[PDB]
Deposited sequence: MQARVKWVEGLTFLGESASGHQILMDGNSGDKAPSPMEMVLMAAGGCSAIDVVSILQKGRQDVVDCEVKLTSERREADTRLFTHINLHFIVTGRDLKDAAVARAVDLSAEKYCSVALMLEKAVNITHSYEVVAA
């Protein structure tokens, strides 16, 4: 539970996780480091990609790479919509398995996704590339 953030200077803040790591947020439109809102977008991408690769490895599917293209829109400033586009690379991965993994990840397993869903329109999509 012990996370903290500290004002460094300007609008730069230091962020310390309870897993013992530190990061930097920059409130000048992410000038020198990501803005908090960028943190959120990336965390959604990351949490999702984690679960997607996990499901495939458990299902013995030979997943070799995973990339997430994130797009979003926001009020002129809350996010109105985030799209997670998965690019899954592997050997014999079947469509049904990738759909399952992207599905369960985005709507059942990804905490970040599920928290945002109650306030943001979150959509997903995927493609499969041979290695």
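Deposited residues absent from the coordinates (by C-alpha): Missing from the model is only the stretch 77 to 79.
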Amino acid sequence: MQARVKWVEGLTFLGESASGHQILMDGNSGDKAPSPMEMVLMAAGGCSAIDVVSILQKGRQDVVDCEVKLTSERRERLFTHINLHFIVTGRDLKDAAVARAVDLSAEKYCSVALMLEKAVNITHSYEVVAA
From here on, numbers count along this sequence of modelled residues.
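Mean Cα B factor from the PDB record: higher for 90 to 98, or higher for 43 to 51? According to the entry, 90 to 98 carries the higher average C-alpha B-factor.
Looking at the C-alpha B-factor values in the deposited entry, which of 8, 128, 1, 5 comes out highest? Out of 8, 128, 1, 5, the record gives the largest C-alpha B-factor to 1.
Chain-relative CA temperature factor third for residue 62: For residue 62, the deposited C-alpha B-factor lands in the highest third.
Compare the C-alpha B factor of residue 104 with those of the other modelled residues in its chain, then answer lowest, middle or highest third. According to the entry, residue 104 has a C-alpha B-factor in the chain's highest third.
CA B-factor placement of residue 31, once the chain's modelled residues are sorted into thirds: As the PDB entry reports it, the C-alpha B-factor of residue 31 lands in the middle third of its chain.
Where does residue 112 sit by CA temperature factor within its chain: lowest, middle or highest third? According to the entry, residue 112 has a C-alpha B-factor in the chain's lowest third.
State the tercile, meaning the lowest, middle or highest third, of residue 122 with respect to the CA B-factors recorded for its chain. As the PDB entry reports it, the C-alpha B-factor of residue 122 lands in the highest third of its chain.
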